[PDB]
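Asks: Chains as they are written, first to last, in the authors' numbering: chain A, 279 to 284, 292 to 334; chain B, 1058 to 1224; chain C, 183 to 229; chain D, 925 to 943; chain E, 1 to 26, 55 to 100; chain F, 585 to 827; chain G, 100 to 197; chain H, 497 to 651; chain I, 1336 to 1390; chain J, 38 to 163, 198 to 225, 241 to 260. Beta carbons: idealized from backbone N, C-alpha and C, even for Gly. Quick one: structure below, then a few questions.
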Amino acid sequence: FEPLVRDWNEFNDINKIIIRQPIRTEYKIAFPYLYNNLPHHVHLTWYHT
Amino acid sequence: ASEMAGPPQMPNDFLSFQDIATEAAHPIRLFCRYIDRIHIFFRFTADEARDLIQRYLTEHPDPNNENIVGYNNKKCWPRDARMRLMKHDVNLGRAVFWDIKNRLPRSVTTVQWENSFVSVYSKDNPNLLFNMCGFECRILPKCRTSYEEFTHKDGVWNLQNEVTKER
Amino acid sequence: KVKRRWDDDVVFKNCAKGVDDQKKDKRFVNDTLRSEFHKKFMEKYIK
Amino acid sequence: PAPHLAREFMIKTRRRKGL
Amino acid sequence: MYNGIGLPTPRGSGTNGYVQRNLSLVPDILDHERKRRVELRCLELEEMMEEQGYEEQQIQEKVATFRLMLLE
Amino acid sequence: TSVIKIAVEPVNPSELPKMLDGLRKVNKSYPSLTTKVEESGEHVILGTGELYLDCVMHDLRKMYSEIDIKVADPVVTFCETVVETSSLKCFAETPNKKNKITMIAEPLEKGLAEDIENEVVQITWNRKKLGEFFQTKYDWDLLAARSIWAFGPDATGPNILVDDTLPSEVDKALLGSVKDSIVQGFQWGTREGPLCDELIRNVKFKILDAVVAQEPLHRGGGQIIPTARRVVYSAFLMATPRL
Amino acid sequence: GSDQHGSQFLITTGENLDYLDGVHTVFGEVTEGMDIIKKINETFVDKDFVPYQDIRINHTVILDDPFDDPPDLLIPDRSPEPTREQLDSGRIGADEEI
Amino acid sequence: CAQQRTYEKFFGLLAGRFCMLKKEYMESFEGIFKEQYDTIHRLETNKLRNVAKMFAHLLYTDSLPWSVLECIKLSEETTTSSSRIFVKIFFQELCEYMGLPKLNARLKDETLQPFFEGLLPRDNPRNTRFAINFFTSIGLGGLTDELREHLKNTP
Amino acid sequence: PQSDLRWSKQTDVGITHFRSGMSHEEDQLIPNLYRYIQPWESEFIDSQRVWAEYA
Amino acid sequence: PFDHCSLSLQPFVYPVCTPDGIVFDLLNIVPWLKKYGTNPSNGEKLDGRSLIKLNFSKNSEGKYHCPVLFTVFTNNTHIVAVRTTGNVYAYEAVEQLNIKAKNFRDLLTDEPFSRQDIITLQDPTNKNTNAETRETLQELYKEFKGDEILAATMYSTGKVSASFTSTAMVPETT
């Protein structure tokens, strides 16, 4: 879909990170609030049927 | 200007000097002036830099560390490659500009901090960035923070030291 | 040799000590052509 | 790779916290 | 997976915005514990003495030799 | 076991007190979500799982405080230990050079530290019961049991501070004076970690040389604890850090 | 160099010579002959800063001395007269009209 | 690349990347250097220049192994002048690429001297004179005078 | 060539993915102007040598 | 950061902290008080005898650590200071060794201390150009005298309408 709305950070400092398994969009959608800043107009869908 | 242009019986070429004494006898090492664009390259020792910054602050005192704010860098390289604004660095940049803009009367021509750009190389900035005829260049030596070096896509000229002939 | 420090030789020195970012552009003139928004517009867009 | 997991772990953890 | 790659919308870009992955990608130590040897040498001796009599003089007898005869 | 690490910030530092109000409210509404304002200046949260932290921040951003807040990536809280015994000694002496403390370090076995975690070895017993437990199960020395002073980090901490140097040990006047501060400094070093400020686990420290200033007065009493933890660090870091 | 002064001395054709404060030993001020100093300012020099045309120190008279002479001080009666090594400049002596 | 306008490390880097992606091109390039040493006279100076610069890029990127030097016998009568110019441009590229120090260092390490023998003669004194004079020629006086030092000590 | 927005504005990460350019009817392989132009840094070395040996 | 001055915002080789909590490098803070008696941490002028010296320890690395705990003091570690003794021991050190006990004595020496003498110093949880010109201006200011031609030559009337539909005039608004 067309995007809904449209400098520096410290948590993104590449000296302080450990990438053991690289984040992917499946994770960013499974856990909307853990894996995303400013998650707005979001539904949190989950199912352990 | 007469050391750069060399003795009238034996002129120099674009960016050459006659010996090494004369070349290293002054802070201004290179100067090119495109039609009305000015690119100057200074090389300061520790005490030349300290005195310059002293006389700068004496007149335009910055007690509130707001020199860091006006400084404009190139938001086209990654922050790993931009300029790093430490106190000594941005203060040298501003002192150098303040000292060059004082040589030019204001009724003749002037020079503005908003359209200019100063770039320091020190023990904190290993990159020297400049911006010439249409190009946006950034020089990084091998001795300084290149543990890692490649030879890759052509965007990277490999400058070479014409005395020892080693890159 | 006593010397002369580098940049002492030059012909000119401080051109305006007083000028310290006073507001020529931050006063509101109610004149269309001589206002300082127009001076900025004109000098940005004409060459 | 595995020989250096704790090496990095320390470097990055102190880099955030320990200095 | 839009993994932070590609366009937001391939609409006004002149491409279909199709993405793919770059297929060509790849000295006290002995002395400190000697007194620890001497330690249980006094302890268990008066223990193996109290096991065989706890008058504390028969055991102070057993320990003193275990202290002196050893430390020689 | 809470193990997941999440640092959080407001986008504009201005509304940090409101973000603090929100972190209060989540700390009160959650049982073991544990927050700490870490020495780096930051706000870290320690939690259980992905779904846990998800609904945490769901409520945080949804109800308690409505600022925009940045969130770092998840990481772990760590542990520190050794692999083999401190082959030599660095020994610390008080600022006023009054007390020389020689101690070394080595690894315990996992099981007994497990029992320390199980509350099975509760030293709320008498040293006699301590000895029964220890020598009974894992061929500990009875005198080693006599030598066990304490356990480090807190009520249940898997490391052990032991005192074994007999002739100077029977200085129960000066040592039985100094045991308190000794334990303070021990649990200090154990909790604050020698390397990365995370907890140590399952490690044995043994005091072998306690040269005490005669009348270990407030000079000792005060300037003794950092000396003690420096002994701890010397042993550990000297002969064999591990993560 | 090395805080050490001999007989080398300088006299100031400008003002505000702050780079010397702490290098060069201020000890005096000239109140007569600064017209001579402006002349000496105006002479034409090589790029050595060395004049083409000579300026010389023709005599010296002690207008006031409160310092006692050390014993060994041989003050001579008259000018020891200017010999060729000192006199012939390899340059233009002031006499020659140009 | 051999037929190119001029040398540009595009083609080097490309076939070298293939070599990086599997061994087939690694041993393939073993034979590729072998074969250009066999048929290197076959070109003009232009083509030979880009060829030497090619193998040189390979080498200092270590895509070819410094072993291959076995096929380089530095006797006068074994060395075509074409081979001489080839190895001239080659080693100038190596030193002016790597810097001279570690060039000397690797051209020193013994584990590769088995290959290097054909380049640095101590056994045969005639091609010793000749080949050390050639290292003189290209101006790597270090290597030159070290090994003719050993030949000084020899008799 | 496309690379990982976050670390792309941070540290010159590499090239992971390849967005596509204009849309051509099939495989079709249309050539490039860049491959028929010759880089500067190599012309400057040519000219060096060429005029040196002409002198 | 930790061990740099504040008015200079640069490093201090010899420190003298403020009785309020920051680093006032005495070598230039005495220039600041001997040229304008005020303080940069607070623009209000503050008395002289308050600027006491400080003791930042040093290890085999020389770093300005804390002596007691041997803890390297950087921009994260909490640093307290003890005024009367002249020594600064880590804030955690002083706290758990004197704010548990009741021996409110010094942190390096045998000296007592006052229950308010410890203050937090660092806590991230809180024209003669040439003869031509000289002689020129001489002769100019000499021989030059006032001018003649351009001296002279430099309903309603209509100056408003004129100067308004013409920029080439001086603006009258009345």
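Along the stretch 778-790 of chain F, where does the CB come closer than 7 angstroms to a CB of chain D? Name the residues.
Replies: Residues passing the 7 angstroms Cβ filter: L779, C780 and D781.
Asks: By DSSP, does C567/H sit in helix, in strand, or in coil?
Replies: The residue given as residue 567/H occupies position 71 in the eighth sequence. Looking at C567/H - three-state DSSP - the assignment turns out to be helix.
Asks: Work out the CA separation of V1153/B and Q107/G for me, nearest whole Å.
Replies: Taking the first residue of the seventh sequence as position 1, residue 107/G is located at position 8. Taking the first residue of the second sequence as position 1, residue 1153/B is located at position 96. Roughly 35 angstroms separates the two Cα atoms.
Asks: For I59/J, I'd like the list of residues in its chain whose CB is within less than 7 angstroms of its CB, leaving aside the five on either flank, ordered along the chain.
Replies: For the purposes of this step, residue 59/J is taken as the residue at position 22 of the tenth sequence. Correct list, in chain order: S43 and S78.
Asks: Can you confirm whether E1223/B, when its beta carbon is compared against all beta carbons of chain H, has any partner nearer than 8 angstroms?
Replies: Reading the second sequence from its first residue, position 166 is the one you call residue 1223/B. Chain H contact via Cβ: present.
Asks: Sort out for me which residues DSSP pairs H1352/I with in a bridge.
Replies: Indexing the ninth sequence from 1 puts residue 1352/I at position 17. Its beta-bridge partners are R21/E and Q1337/I.
Asks: Is the distance from the Cβ of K313/A to the Cβ of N321/A below 8 angstroms?
Replies: What you label residue 313/A is simply residue 28 of the first sequence in a count that begins at 1. What you label residue 321/A is simply residue 36 of the first sequence in a count that begins at 1. Yes. Within cutoff.
Asks: Could you spell out where the beta strand (DSSP E) holding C1194/B opens and where it closes?
Replies: For the purposes of this step, residue 1194/B is identified with residue 137 of the second sequence, where counting begins at 1. Run containing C1194/B: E1193 to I1196, per the beta strand (DSSP E) assignment.
Asks: Considering only the beta carbon of each residue, do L644/F and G606/F sit closer than 8 angstroms?
Replies: Working through the sixth sequence from its first residue, we reach residue 644/F at position 60. Working through the sixth sequence from its first residue, we reach residue 606/F at position 22. Taking 8 angstroms as the Cβ cut-off, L644/F and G606/F qualify as a contacting pair.
Asks: List, in chain order, every chain A residue whose beta-carbon is nearer than 7 angstroms to that of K654/F.
Replies: Locating residue 654/F in the sixth sequence gives position 70, where the first residue counts as 1. Within 7 angstroms Cβ-Cβ: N294, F296 and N322.
Asks: Would you mind sorting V1213/B into buried or exposed? The rule is 16 or more other CB atoms within 10 Å of its CB.
Replies: Working through the second sequence from its first residue, we reach residue 1213/B at position 156. Exposed: under 16 other Cβ atoms inside 10 Å.
Asks: Which class does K589/F belong to by DSSP, given the choice of helix, strand or coil?
Replies: What you label residue 589/F is simply residue 5 of the sixth sequence in a count that begins at 1. If DSSP states are grouped into helix, strand and coil, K589/F belongs with the strands.
Asks: State the DSSP-derived secondary structure class of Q1383/I, mapped to helix, strand or coil.
Replies: One-based indexing of the ninth sequence puts residue 1383/I at position 48. DSSP places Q1383/I in helix when its eight states are reduced to three.
Asks: Closest to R622/H by CA distance: which of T607/H, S563/H, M522/H and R644/H is it?
Replies: Counting from one through the eighth sequence, the residue named residue 622/H turns up at place 126. Looking at the Cα atoms, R644/H is the closest of the given residues.
Asks: Is it true that the stretch 590-598 of chain F meets the stretch 648-656 of chain F, where meeting means three or more beta-carbon pairs spaced less than 8 angstroms apart?
Replies: Output reads yes: the stretch 648-656 of chain F touches the stretch 590-598 of chain F.
Asks: Measure from the C-beta of residue 1332/I to each C-beta in chain B and report whether the shortest distance is under 8 angstroms.
Replies: Outside the displayed span of chain I (1336 to 1390) sits residue 1332/I, for which this structure offers no information.
Asks: Could you work out which residue in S242/J, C54/J, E129/J and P161/J is closest to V105/J when comparing CA atoms only?
Replies: As a working note, residue 105/J is residue 68 in the tenth sequence. If we check each option's Cα against that of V105/J, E129/J comes out closest.
Asks: Please confirm if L943/D has its CB atom under 8 angstroms from at least one CB of chain J.
Replies: The sequence position of residue 943/D within the fourth sequence is 19, counting from 1. So, interface residue.
Asks: Which residue wins for smallest C-alpha separation from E280/A, given the options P8/E, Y18/E and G4/E?
Replies: The residue labelled residue 280/A in the question sits at position 2 within the first sequence. Comparing Cα positions, the closest option is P8/E.
Asks: For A823/F, report the span of its alpha helix (DSSP H) as first-last.
Replies: As a working note, residue 823/F is residue 239 in the sixth sequence. Start and end: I809 to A823.
Asks: Between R1384/I and chain E, is any beta-carbon pair separated by less than 8 angstroms?
Replies: In the ninth sequence, the residue the question calls residue 1384/I occupies position 49. No, because no Cβ of chain E sits closer than 8 angstroms to the Cβ of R1384/I.
Asks: What residue range is occupied by the uninterrupted alpha helix (DSSP H) comprising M516/H?
Replies: Numbered from 1 along the eighth sequence, position 20 holds the residue referred to as residue 516/H. Per DSSP, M516/H belongs to the alpha helix (DSSP H) from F506 to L517.
Asks: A1138/B touches chain I at which residues, Cβ-Cβ below 9 angstroms?
Replies: Position 81 of the second sequence holds residue 1138/B. Neighbours of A1138/B on chain I, chain order: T1346 and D1347.
Asks: Quick check: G6/E and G17/E, are their CB atoms within less than 8 angstroms of each other?
Replies: Position 6 of the fifth sequence, counted from the first residue, corresponds to residue 6/E. Position 17 of the fifth sequence, counted from the first residue, corresponds to residue 17/E. Yes, these two residues count as a Cβ contact at 8 angstroms.
Asks: Rounded to whole angstroms, what's the CA-CA distance from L119/G to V109/J? Just pull it up for me.
Replies: Translated into positions along the seventh sequence, residue 119/G becomes position 20. Translated into positions along the tenth sequence, residue 109/J becomes position 72. If I take the Cα positions, the gap works out to 43 angstroms.
Asks: For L555/H, which residues in the same chain have their Cβ closer than 7 angstroms to its Cβ, ignoring the five residues on either side in sequence?
Replies: For the purposes of this step, residue 555/H is taken as residue 59 along the eighth sequence, with counting starting at 1. Excluding sequence neighbours, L555/H sits near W562 and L590.
Asks: Tell me where the alpha helix (DSSP H) around residue 1227/B begins and ends.
Replies: Chain B is shown from 1058 up to 1224; residue 1227/B falls before or after that span and cannot be answered.
Asks: Skipping 5 residues on each side, what residues in its chain have a beta carbon closer than 6 angstroms to that of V53/J?
Replies: Translated into the one-based positions of the tenth sequence, residue 53/J becomes position 16. Excluding residues within five positions, the ones whose Cβ falls inside 6 angstroms are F61, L63, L88 and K90.
Asks: Take every Cβ of the stretch 607-618 of chain H, pair it with every Cβ of the stretch 562-578 of chain H, and state whether three or more of those distances are shorter than 8 angstroms.
Replies: Output reads yes: the stretch 562-578 of chain H touches the stretch 607-618 of chain H.
Asks: For a contact meaning CB atoms closer than 7 angstroms, what does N3/E contact in chain L?
Replies: Considering every chain present, this structure includes no chain L. Its protein chains are A, B, C, D, E, F, G, H, I and J.
Asks: Using three-state DSSP, classify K654/F as helix, strand or coil.
Replies: To locate residue 654/F, count along the sixth sequence from 1; it is residue 70. Strand at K654/F.
Asks: How many angstroms separate the CA atom of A697/F from the CA atom of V610/F?
Replies: For the purposes of this step, residue 697/F is taken as the residue at position 113 of the sixth sequence. For the purposes of this step, residue 610/F is taken as the residue at position 26 of the sixth sequence. Roughly 33 angstroms between the two C-alpha positions.
Asks: Hey, would you say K620/F sits closer than 8 angstroms to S649/F, going by beta carbons?
Replies: Walking along the sixth sequence from the start, residue 620/F turns up at place 36. Walking along the sixth sequence from the start, residue 649/F turns up at place 65. No, the pair does not count as a contact, with Cβ atoms beyond the cut-off.
Asks: Using the Cα positions of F525/H and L560/H, report the straight-line distance between them to the nearest angstrom.
Replies: Position 29 of the eighth sequence holds residue 525/H. Position 64 of the eighth sequence holds residue 560/H. If you take the alpha carbons of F525/H and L560/H, they lie about 7 angstroms apart.
Asks: Using alpha carbons as the reference points, say which of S598/F, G631/F, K612/F and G625/F lies closest to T585/F.
Replies: As a position in the sixth sequence, residue 585/F is number 1, starting the count at 1. Checked all of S598/F, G631/F, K612/F and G625/F; the closest Cα to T585/F is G631/F.
Asks: Give the residues of chain F in contact with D147/J, contact being defined as C-beta atoms less than 7 angstroms apart.
Replies: For the purposes of this step, residue 147/J is identified with residue 110 of the tenth sequence, where counting begins at 1. Result: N680 and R803.
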